[PDB]
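These notes concern the structure reproduced below.
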Amino acid sequence: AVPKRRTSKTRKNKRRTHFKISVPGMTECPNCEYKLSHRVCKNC
Amino acid sequence: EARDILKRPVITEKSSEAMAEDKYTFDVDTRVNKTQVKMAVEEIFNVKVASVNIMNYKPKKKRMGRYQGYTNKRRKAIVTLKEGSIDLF
Amino acid sequence: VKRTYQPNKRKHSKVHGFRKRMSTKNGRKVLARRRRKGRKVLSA
Amino acid sequence: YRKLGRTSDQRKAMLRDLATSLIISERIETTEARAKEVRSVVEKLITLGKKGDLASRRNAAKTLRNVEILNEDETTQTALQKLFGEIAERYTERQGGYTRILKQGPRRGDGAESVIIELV
RNA sequence: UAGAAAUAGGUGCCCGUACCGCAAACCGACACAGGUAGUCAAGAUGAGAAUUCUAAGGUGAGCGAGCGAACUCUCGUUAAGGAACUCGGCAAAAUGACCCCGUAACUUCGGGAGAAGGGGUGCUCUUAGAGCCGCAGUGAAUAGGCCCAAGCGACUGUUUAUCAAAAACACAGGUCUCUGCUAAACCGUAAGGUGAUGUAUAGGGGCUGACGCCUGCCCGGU
RNA sequence: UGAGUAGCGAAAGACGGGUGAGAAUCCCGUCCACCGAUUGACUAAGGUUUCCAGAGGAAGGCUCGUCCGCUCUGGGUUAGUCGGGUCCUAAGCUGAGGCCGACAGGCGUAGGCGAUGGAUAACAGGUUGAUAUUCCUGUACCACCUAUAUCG
RNA sequence: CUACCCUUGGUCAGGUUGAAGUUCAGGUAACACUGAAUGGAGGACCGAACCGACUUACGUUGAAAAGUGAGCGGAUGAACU
RNA sequence: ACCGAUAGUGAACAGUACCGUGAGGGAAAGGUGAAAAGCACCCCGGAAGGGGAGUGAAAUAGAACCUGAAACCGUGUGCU
Ligand SMILES: [K+]
Ligand SMILES: [K+]
Ligand SMILES: [K+]
Ligand SMILES: [Mg+2]
Ligand SMILES: [Mg+2]
Ligand SMILES: [Mg+2]
Ligand SMILES: [Mg+2]
Ligand SMILES: [Mg+2]
Ligand SMILES: [Mg+2]
Ligand SMILES: [Mg+2]
Ligand SMILES: [Mg+2]
Ligand SMILES: [Mg+2]
Ligand SMILES: [Mg+2]
Ligand SMILES: [Mg+2]
Ligand SMILES: [Mg+2]
Ligand SMILES: [Mg+2]
Ligand SMILES: [Mg+2]
Ligand SMILES: [Mg+2]
Ligand SMILES: [Mg+2]
Ligand SMILES: [Mg+2]
Ligand SMILES: [Mg+2]
Ligand SMILES: [Mg+2]
Ligand SMILES: [Mg+2]
Ligand SMILES: [Mg+2]
Ligand SMILES: [Mg+2]
Ligand SMILES: [Mg+2]
Ligand SMILES: [Mg+2]
Ligand SMILES: [Mg+2]
Ligand SMILES: [Mg+2]
Ligand SMILES: [Mg+2]
Ligand SMILES: [Mg+2]
Ligand SMILES: [Mg+2]
Ligand SMILES: [Mg+2]
Ligand SMILES: [Mg+2]
Ligand SMILES: [Mg+2]
Ligand SMILES: [Mg+2]
Ligand SMILES: [Mg+2]
Ligand SMILES: [Mg+2]
Ligand SMILES: [Mg+2]
Ligand SMILES: [Mg+2]
Ligand SMILES: [Mg+2]
Ligand SMILES: [Mg+2]
Ligand SMILES: [Mg+2]
Ligand SMILES: [Mg+2]
Ligand SMILES: [Mg+2]
Ligand SMILES: [Mg+2]
Ligand SMILES: [Mg+2]
Ligand SMILES: [Mg+2]
Ligand SMILES: [Mg+2]
Ligand SMILES: [Mg+2]
Ligand SMILES: [Mg+2]
Ligand SMILES: [Mg+2]
Ligand SMILES: [Mg+2]
Ligand SMILES: [Mg+2]
Ligand SMILES: [Mg+2]
Ligand SMILES: [Mg+2]
Ligand SMILES: [Mg+2]
Ligand SMILES: [Mg+2]
Ligand SMILES: [Mg+2]
Ligand SMILES: [Mg+2]
Ligand SMILES: [Zn+2]
């Protein structure tokens, strides 16, 4: 129910290895800057 | 003492709307009754008073930085004139 | 559920007010203690 | 079919509201899942309107809301009348596919995927 | 009893008055599923302020979007069986409204009793019949499960606010005892009080605990 | 640290339009839905400015926020008749003298204070952003004063 | 807050049962006594409000330092406020 | 041959704020610069906040303002 020992800096960052976001899937707008793929401009 | 009874006229949108109906609003001394206010108005402005309505205002919570406090308590009299008129301006 | 403090202006003044404190020697002792300590509020 | 995070009665009512709003405004912005669900409702309604008979009109009245539409100049009509009038005539020669969905991207408040669904 | 008009005009003070108020403003440390006295009381249904849907009027609840895994919680259904479960039928299921029949032992003759157990109910028409429809007619919601037997306590009531509601307390009834009134008993140093503006068919204290039938022997010891 | 983890406090929302640097969350509209012996309306206690308008968005709001019971500035409560005092008493409190007590004090007579009760003259309509049986209009009533002709 | 008490106020949808009395018709020497009607008693019955807190489920760094849901006891009284 | 901001008064700026029905309990919080000379003006931004330009001996003295340790949180990488 509770941590028996505190988590070291090393273990914490090891666990955060995969905690990240990825670059959006984006494409240049041929006529109308960049946009999400399969989305309309909605602002151009 | 009539000039001690009346402190100052009250000039607001509501008091101007009352002035349109010959009603004049004053801040008065907090220890006076409406008969004293009527007599003071009659003595100072040489008018006839139809009636006086009076009300008390509690101190208002107020601050300036860490210094919180209260405004002074007020007594407000609305004086309805029978005849005459009062030129405050 | 009903709690212990049910405020009542009259009750509060009659039990803890200035005149009730002045009414007994021990109440006057309370007032003297509070004046000695320098309290802003001596009673209700 | 999708549940849309609602009970059956709530989901049915929301789908009726969305379908009527689409019929009235012809173009609405909603979430992706709601639009994917309502495309079927709206297109089956348009099918009934193309059928045109009295029984089809009453079956359509089971689904449509009772809303009024002020037209060009102070002339009113119901959403059912528009569905069996202008909308049905617009799609006489089109065999299905009366709507399209255009994705807009996430919105600020909850990251939900905003889309436009419009009549074709 | 001693004792010693109308009309017209005018005058009439102080305090409260905002706003919340069955709550986001009060009491709960919170914009807290709790607590907070009174008043007003629509329609359909109904005995009703029950039930369900509505009126007046108010409100959509200060995180959302998806998905529709395990598991947890709340809810619905279930073949055949029907308490085999379990400490225990715990929980659930069943009963349930109205109208009409019918109803045991026992009993303090009140009761038990809504005992139990049965029947009916929709819609249309004619003046109780004749019809019509469904699986189903108090077609939803709400509305006693019942019976046999034993222990305890007579009974309504009271109790460990917050693990015990009971066989515990109380009780009406019984008995013993004290008390002749400045009563005894009780509070208080006293004054002064309660008892009681009562007076032995009254008041205090102990024990027992409706009612029925009863309540034996021992006074050496305390 | 646990960890971007638990939670974000009973519920029905959808769309259009607007505003804005920014909108699921603010405003407006339509539809839908919930309470309705009450989630409606009005009194009391309690709170004490939270009320209204304009401006704002650091902090507070369990998210957001252009919004707010939050911040800034300016305003708002009107009574002869409503409730209370200038009337009455209950419980209780107090108490001239008085009785009692090491002190301090306790008790108590006349008397007084004290509503939760008794008495007691105003109603309908209109009006504001914010007050209304209080302001305005209409029509009244009560107490006292004066002027023109038994009280106890 | 809570316990008891004092003074002064307030509240209890509906349904059921049917005590004593009274009247009439008998019955009697008189009185008992019988039947119907009426009557409306009760710490009476069923059941909302209201007051409780028996069981169970949930909750147990709670929505809540004692609650919520579903049933449950009382509900003209030693009632509740 | 007393303290020097956890010390010294509880209190250097308070019997206040806050807590409690009440008696009562009771904090935290000192330092720009010599002098306000407290950053004209330009740029991004709704603002907040910044980068310049100025003031100053110093602005990593810019008001959360002397010095600014450690825990803790980041960015780069020599070896692994
Ligand atoms: K007012
Ligand atoms: K003996
Ligand atoms: K003896
Ligand atoms: Mg006034
Ligand atoms: Mg789905
Ligand atoms: Mg449904
Ligand atoms: Mg008001
Ligand atoms: Mg509020
Ligand atoms: Mg909320
Ligand atoms: Mg609340
Ligand atoms: Mg509450
Ligand atoms: Mg009724
Ligand atoms: Mg109801
Ligand atoms: Mg089965
Ligand atoms: Mg079967
Ligand atoms: Mg069977
Ligand atoms: Mg078995
Ligand atoms: Mg077994
Ligand atoms: Mg059970
Ligand atoms: Mg029924
Ligand atoms: Mg039938
Ligand atoms: Mg018993
Ligand atoms: Mg009982
Ligand atoms: Mg207990
Ligand atoms: Mg135990
Ligand atoms: Mg218990
Ligand atoms: Mg006596
Ligand atoms: Mg006994
Ligand atoms: Mg016994
Ligand atoms: Mg014996
Ligand atoms: Mg002897
Ligand atoms: Mg952590
Ligand atoms: Mg995650
Ligand atoms: Mg974990
Ligand atoms: Mg997880
Ligand atoms: Mg979660
Ligand atoms: Mg919430
Ligand atoms: Mg409803
Ligand atoms: Mg406001
Ligand atoms: Mg925020
Ligand atoms: Mg404000
Ligand atoms: Mg005395
Ligand atoms: Mg003496
Ligand atoms: Mg009163
Ligand atoms: Mg108002
Ligand atoms: Mg009532
Ligand atoms: Mg009873
Ligand atoms: Mg209550
Ligand atoms: Mg109890
Ligand atoms: Mg319950
Ligand atoms: Mg019972
Ligand atoms: Mg009952
Ligand atoms: Mg230092
Ligand atoms: Mg110090
Ligand atoms: Mg600078
Ligand atoms: Mg700069
Ligand atoms: Mg610069
Ligand atoms: Mg600088
Ligand atoms: Mg430096
Ligand atoms: Mg420094
Ligand atoms: Zn583009």
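Protein chains get the first letters and strands the later ones, always in sequence-line order, with residue 1 at the start of each.
Of the candidates E:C27, E:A65, F:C31, the closest approach to any side-chain atom of C:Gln6 belongs to E:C27. Listed candidates were F:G46, F:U134, H:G22. Nearest to the side chain of C:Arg21 is H:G22. Listed nucleotides: F:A24, F:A79, H:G25. Nearest to the side chain of C:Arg39: H:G25.
Residue B:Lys14 places none of its side-chain N or O atoms closer than 4.0 Å to OP1 or OP2 of F:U128. The side chain of C:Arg3 places an N or O atom within less than 4.0 Å of a non-bridging phosphate oxygen (OP1 or OP2) of G:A66. For the OP1/OP2 pair of F:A104 and a distance below 4.0 Å, the side-chain nitrogens and oxygens of C:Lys29 include no atom meeting the criterion. Residue D:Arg2 has a polar side-chain atom (N or O) positioned under 4.0 Å from OP1 or OP2 of E:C67. Between B:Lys23 and the phosphate of F:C136, there is a side-chain N or O to OP1/OP2 separation shorter than 4.0 Å. Remark: C:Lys9 is in phosphate contact with F:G47, judged by side-chain N or O atoms under 4.0 Å from OP1 or OP2. Remark: D:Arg108 is in phosphate contact with F:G65, judged by side-chain N or O atoms under 4.0 Å from OP1 or OP2. Checking the phosphate oxygens (OP1, OP2) of F:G13, no side-chain nitrogen or oxygen of D:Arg6 falls inside 4.0 Å. Listed pair A:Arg16 / F:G4 meets the phosphate criterion, a side-chain N or O lying under 4.0 Å from OP1 or OP2. Dashed line: the shortest gap from a side-chain N or O of D:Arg34 to OP1 or OP2 of E:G66 is under 4.0 Å. OP1 and OP2 of F:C15 both lie 4.0 Å or more from every side-chain N or O belonging to D:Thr20. Between B:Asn56 and the phosphate of E:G16, there is a side-chain N or O to OP1/OP2 separation shorter than 4.0 Å. Dashed line: the shortest gap from a side-chain N or O of B:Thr12 to OP1 or OP2 of F:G76 is under 4.0 Å. Applying the 4.0 Å criterion to OP1 and OP2 of F:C93, one finds that C:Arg19 has every side-chain N and O outside that range.
Judged by distance alone with a 3.5 Å cut-off, no donor-acceptor contact links the side chain of C:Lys2 to the base of G:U2. No hydrogens or angles were tested; on distance alone, a donor-acceptor pair under 3.5 Å links the side chain of B:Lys60 to the base of F:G75. For a distance-only test at 3.5 Å, the side chain of C:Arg34 qualifies as a donor-acceptor partner of the base of H:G24. B:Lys58 contributes a side-chain N or O that forms a donor-acceptor pair with the base of F:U49 under 3.5 Å.
Base pairing of E:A210 is made with E:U108, judged by Watson-Crick or G-U wobble geometry with both donor-acceptor distances under 3.5 Å. Figure legend. F:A110 is base-paired to no nucleotide; pairs are counted as Watson-Crick or G-U wobble with both atom distances under 3.5 Å.
Note on C:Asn26: nothing from the nucleic acid sits closer than 4.0 angstrom, heavy atoms only. Backbone-only engagement by C:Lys25 is indicated by non-hydrogen atom pairs under 4.0 Å involving sugar-phosphate atoms exclusively. Residue-level contact check: D:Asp9 touches neither bases nor backbone, having no heavy atom under 4.0 Å from any strand. At a threshold of 4.0 angstrom between heavy atoms, the contacts of A:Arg11 with the nucleic acid are absent. Backbone-only engagement by C:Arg33 is indicated by non-hydrogen atom pairs under 4.0 Å involving sugar-phosphate atoms exclusively. Using a 4.0 Å heavy-atom cutoff across all strands shown, C:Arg10 reaches sugar-phosphate atoms only and no base atom. Residue-level contact check: C:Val1 touches the bases, meaning some heavy atom is under 4.0 Å from a base atom.
A salt bridge does not link D:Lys50 with D:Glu43: none of the charged nitrogens is closer than 4.0 Å to a carboxylate oxygen.
Between D:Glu113 and D:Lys103 the shortest side-chain heavy-atom distance falls below 4.5 Å.
Other residues, nucleotides and ligands place more than 12 heavy atoms under 6.0 Å from the NZ atom of A:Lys12.
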